[PDB]
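To start, the structure under review is shown below, and the notes come after it.
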Amino acid sequence: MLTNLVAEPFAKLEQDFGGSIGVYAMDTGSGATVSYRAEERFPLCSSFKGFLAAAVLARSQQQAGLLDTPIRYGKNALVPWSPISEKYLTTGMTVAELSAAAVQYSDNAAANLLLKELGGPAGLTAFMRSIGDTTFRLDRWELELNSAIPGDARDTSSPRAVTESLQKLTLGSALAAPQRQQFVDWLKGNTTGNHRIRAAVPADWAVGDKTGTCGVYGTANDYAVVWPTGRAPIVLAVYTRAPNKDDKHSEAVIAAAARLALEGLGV
Ligand SMILES: Nc1c(-c2nnn[nH]2)cnn1-c1ccc(Cl)cc1Cl
Ligand SMILES: Nc1c(-c2nnn[nH]2)cnn1-c1ccc(Cl)cc1Cl
Ligand SMILES: Nc1c(-c2nnn[nH]2)cnn1-c1ccc(Cl)cc1Cl
Ligand SMILES: Nc1c(-c2nnn[nH]2)cnn1-c1ccc(Cl)cc1Cl
């Protein structure tokens, strides 16, 4: 199995990190998959925002005009790290702009505003159930969902479920064609992941990704769809945690895990 090829280097990497690393990667060309702690739960942190944007896009298939709807919000909506929605407080933003801000800058006010319109964490969880994801659960809002408490299943998923759902939404049939491409375009425009999966791929590959960084408990992550030039894409997810609250996350560890995953698939 391809999992067997990389089991020992993954174990070395997470011992060096001082925590747990979960990876799932699938080659959509061959069907090969690489697994390491891929069914364990890890905190989503801000990475839930990608699926949040997909849920909004799904809703736009039934509700015509949803994306262009202007949304006004008060200053009490501004949560720490709302760098985009901060700048449009006095003006408002459209639903599509909030979605792009949530994905591409991890804007917290934008994410909470969209979560509200979707019916809160249970509403996003329901969307994930509707595409066949039985693992994902969102329970809380920004920023409480980042507590990343050891053993706590709230606001978690697994690397395998994240990868399978990402595949359905970006490459499969879970979204209609125009919405699927919009989701991919938002992921391609992400600004926060240059040191994670993007650092593991060749310079000529196209990448769409979403990051998460709880910070506490050494907890951070990244998931991505990547396209080798002229080849079928790879979908992968890399999640980390660690036992102590003051343990530091590591972007280099995430990039290194992505490299091992790609090497295991034969790329
Ligand atoms: N804050 C600013 C300025 C700016 N220019 N003059 N004063 N401020 C320009 N770019 N940004 C910015 C930086 C980081 C992120 Cl995440 C989002 C934004 Cl909009
Ligand atoms: N862990 C949290 C919380 C939080 N509030 N309640 N429970 N957790 C809020 N911010 N952060 C945080 C800390 C460090 C880094 Cl690097 C990133 C993040 Cl988002
Ligand atoms: N660190 C992050 C992320 C993030 N998303 N993807 N990776 N990290 C999103 N929000 N925050 C954040 C939260 C609280 C404070 Cl006070 C400062 C920050 Cl910057
Ligand atoms: N590699 C790409 C891209 C792409 N766009 N931007 N960068 N790469 C678009 N389509 N494909 C592709 C090529 C061959 C096969 Cl078999 C399957 C696919 Cl999906």
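Numbers run from 1 along the shown chain.
Technique stated in the header: X-ray crystallography, 1.7 Å.
In case you wondered, yes, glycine gets a Cβ from its N, Cα and C as well.
According to Swiss-Prot, the residue from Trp81, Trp141, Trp186 that belongs to the beta-lactam site alongside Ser46, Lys49, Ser106, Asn108, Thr211, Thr213 is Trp81.
Of all Cβ atoms in the shown protein chains, 27 besides its own fall within 10 Å of the Cβ of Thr211 (beta-lactam binding site).
A simple way to gauge crowding: the CB of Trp81 (beta-lactam binding site) has 15 other CB atoms within 10 angstroms, across all the protein chains here.
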